[PDB]
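Written out below as structure tokens is the structure these notes cover.
Neighbour counts are summed over all protein chains in view; Cβ atoms, including those assigned to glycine, are modelled from backbone coordinates with ideal geometry. Bear in mind that the values in this text are calculations on the coordinates, not laboratory data.
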Ligand code: HEM
Ligand code: HEM
């Protein structure tokens, strides 16, 4: 019974129930619980996910010590989340020196050099997206953005990770699209209250990643890794490092994590962005004019062109402030240490509430408002990089940050070049967030899509 | 399923059954299984305790790298054996830097200086032992040595660990003697086949150490730690270091481990020694003459006197060669490494079969024989310290080695000064070892005890 740890350390927080801890407070949701605790407890507080002690920190210097300074020494890993199977070799799931071998093996794939090589392949589906949009624009019926963006996010993934070129919106039957289309609480709740059952689920071959999908994928790599190019994508870039090096099953696990990390992240954020532009027409028009100025006469976007649109980058950053889809950052304290004046005992999970810090008035003026001008080159300097942490920070931040930014902007440039977006009767205004544990709209975003000539 | 690990590494061993591994081979016993594998497989082999891979090594240089050279870096911990409770803080059970804090905190207690201070207290019960022996010597009926030695081993423990002076043979009702009097397979078998159930047993407060005993002890320390000497033993020596330092519950756990490590180890070996001397009268008389020469006219043994009897030390060492009560040494490989030419992957338990190496003809002539002359100052030089490992080796060897040697010899000097030991009709000749997992006689040792005048 570790429930006295925080009152023994003199750390405030909600009183834990036996076995359950504080998990019943998640009824309002992950983020609201972080916001309430931040308001009534202060800069540091603790709570129990079952019997697991979780210390929340909000001091920008302390966050830097955890995420950057003492990353390799103490705060190296995340906490386990369930029976993982062979996916223990995924970089996002690996720990300690095993992870350090993968982060080093996989860093050159996300170079700005390899990123520019992927733009033409993913720009091909920016045209595929706009084409699937012209039909629903003449259809005259509102559009569920998560379906078109999800198809686009899928079409970019398969081409960038395997070269497989599909119109997943128009080819919902390709065996490569069904499996890839495959959170919630009815399981992962019990995992946190019963983490002593994770070792049981492992020996039963029960995995959080379905056995239906993974078998198709390790064997669909089995054909296309060798027997296909045995005569620029994420797969080809990792193979070149095999020839301390990556294994076969290791390489499969890393590619599976890229699809998971790319599909319902790109499309979720892109759906959030279009909701903001439709409900803020001043911003959508101002962006459409910057898009038209840099790219005159519906010109195609390039690598260097995207990194030039400042208002586009300002719209992306501010949407990520309101909606950091990761919600929290977490590190497991590997040993007794003392960071910036307080003692963290071994085993305690240190947590940075990204969603709560993104909406704290201590740093944000009118936090509920969508105001891209906070990221103007005048005011971007006044933003603490350890308060605004949409991609994390330190040696274990989001490795696909620059890919995600480029992929999302290339979709927005093409989409806003040809269309305008307006709210409908079905448009949830104000948008309500999911009550679960996924930073998604409560009800899917539906907007009117008008064609620009 | 890690059952292919050793045939993937090209390492020989018995083929594992699903789930069970090689545990069914323990029917002949722990040591016989090690002896057979050593004979038919060679210097290195592997086997599975359920799903846990265990690599056995017999190369003296490789054993030094595991036990000494790469102890702190890689081979630091032992493997978990069951639900342990608060006894996770015991030095023998602690891991990594937590153990290093305890081994450093507890090393000064086992100084030769503190050891000489304990001789008068434990010599007091060497007289208590001889007194309980004179009655059974005039009784004329054979003596179960494990009862008298167990009582003596208990009377030394309570006085050296708490100052409690009891005649546990004559006071079997003292509340301090019953609890301390409290392996086998019907549980620890399933723990190795179901190690995924250890986390379950922990949350159920189910502990390998009974809740009946520990509560009496943490609270019997609660009175005598403070409320008794609040106005030389293992307890007083640890308290002086509290006043990074030892905690209250930590101090209780270390004292509990000393009783466990001292009771059925001292008395078990002492029972083995008296069996050897009774069935080898040439050695018993030669020792009784050395005991009489150094200590003329039944003189009391002292610290410096004990370290002077060479044949006594030779009898103790050779009995420990035939019966290393630990049977094996073990270390958990903390990370992928390469020791003396072969690759050990992370998680593999490295095992040194002490019992098998103590009876290997590659280093031992007539290994089944009791021949104390192997440890003569002429031939002691030809004994590899990494073959003969009764107390382990390296930074995590037996911390109470010099205490155990002094405590056993002080019993033998007094006992052989007053008595002689001869086999009976009940004396199991040849002595059969336990078929279980405890290096003990199959049937308890019973010998005729004659009084010397
Ligand atoms: C809008 C898009 C995305 C957002 C907001 C996002 C956010 C994040 C965050 C907050 C983390 C945790 C960082 C930390 O703990 O300090 C993370 C980790 C990670 N992300 Fe992303 N991500 C996005 C897209 C992607 C994409 C497209 C990929 C790959 C193609 C990717 C791959 C990863 C990986 C592998 C990790 C784990 C890194 C490690 O543990 O070494 N992410 N992401
Ligand atoms: C004939 C008597 C004894 C024998 C043969 C013996 C043997 C051993 C062996 C083989 C080990 C493992 C060493 C290794 O893994 O390298 C060990 C560990 C240990 N022994 Fe003993 N022992 C004896 C008596 C004692 C006594 C009397 C005490 C304390 C009063 C004691 C305390 C310990 C402790 C604490 C450890 C664990 C050390 C650590 O993990 O840091 N032993 N013993």
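This ranking places B:193, B:252, A:283 by how few other beta-carbon atoms lie within 10 Å of each, fewest first, which gives B:193, A:283, B:252.
Between segment B:254-270 and segment A:428-453, the C-alpha centres lie 69 angstrom from each other.
Sorted shortest first, the distances from the residue A:424 label point to those of the same residue in the other copies are 9.7 nm; each point sits 7 Å from Cα along Cα-to-Cβ.
Take the Cα radius of gyration of segment B:252-305 and divide it by 2.2 N^0.38 Å, N being the number of residues; the result is 1.55. Quick check: pseudo-label points 7 Å beyond the Cα along Cα→Cβ at residue A:297 and residue A:86, how many nm apart are they? Rounded to a tenth, the inter-label distance reads 5.3 nm. For the segment B:91-97, counting C-beta atoms of other chains within 10 Å of every residue's C-beta and taking the mean gives 1.
Report the convex hull volume per residue for segment B:15-89, counting only C-alpha atoms, in Å³. Convex hull volume per residue, Cα atoms: 122 Å³. Position residue A:68: other-copy label points at 4.6 nm, ordered by increasing distance, label point 7 Å along Cα→C-beta.
Descending by average beta-carbon neighbour count within 10 Å, the peptides A:157-168, A:207-218 line up as A:157-168, A:207-218, the highest first.
Size estimate for the protein assembly as shown follows the Kirkwood approach: the inverse of mean 1/r over distinct Cα pairs works out to 32.4 Å.
Counted by neighbouring Cβ atoms within 10 Å, the residues A:426, B:366 run from fewest to most as B:366, A:426.
Counting Cβ atoms of other protein chains within 10 Å of each residue's Cβ and taking the mean over peptide B:329-339 gives 1.
Could you tell me the center-to-center distance, by alpha carbons, between segment A:1-75 and segment B:46-119 in angstrom? Answer, in whole Å: 34.
Mean projected area of the convex hull spanned by the Cα atoms of chain A, taken over all viewing directions: 22.4 nm². The Cα atoms of segment B:89-150 give a gyration tensor whose axes a ≥ b ≥ c have a/c of 1.5 or more with a/b no greater than b/c, which makes the shape oblate.
The alpha carbon gyration tensor of segment A:403-443 gives principal lengths a ≥ b ≥ c with a/c of 1.5 or higher and a/b no greater than b/c, which makes the shape oblate. Cβ crowding within 10 Å ranks B:275, A:303 as A:303, B:275, fewest other Cβ atoms first.
Tell me whether segment B:173-249 comes out rounded, prolate or oblate; compute the Cα gyration tensor, take square roots of the eigenvalues as a ≥ b ≥ c, and use a/c under 1.5 as the rounded threshold. Since a/c reaches 1.5 and a/b is larger than b/c, the shape of segment B:173-249 is classed as prolate. For chain A, the 222 nm mean residue ellipticity estimated from helices alone, with every DSSP H stretch of n ≥ 4 adding -39500 (n - 2.57) and the total spread over all residues, rounds to -14000 deg cm²/dmol. With label points defined 7 Å past Cα in the direction of Cβ, position residue B:24 shows copy-to-copy spacings of 5.0 nm, given to one decimal and shortest first.
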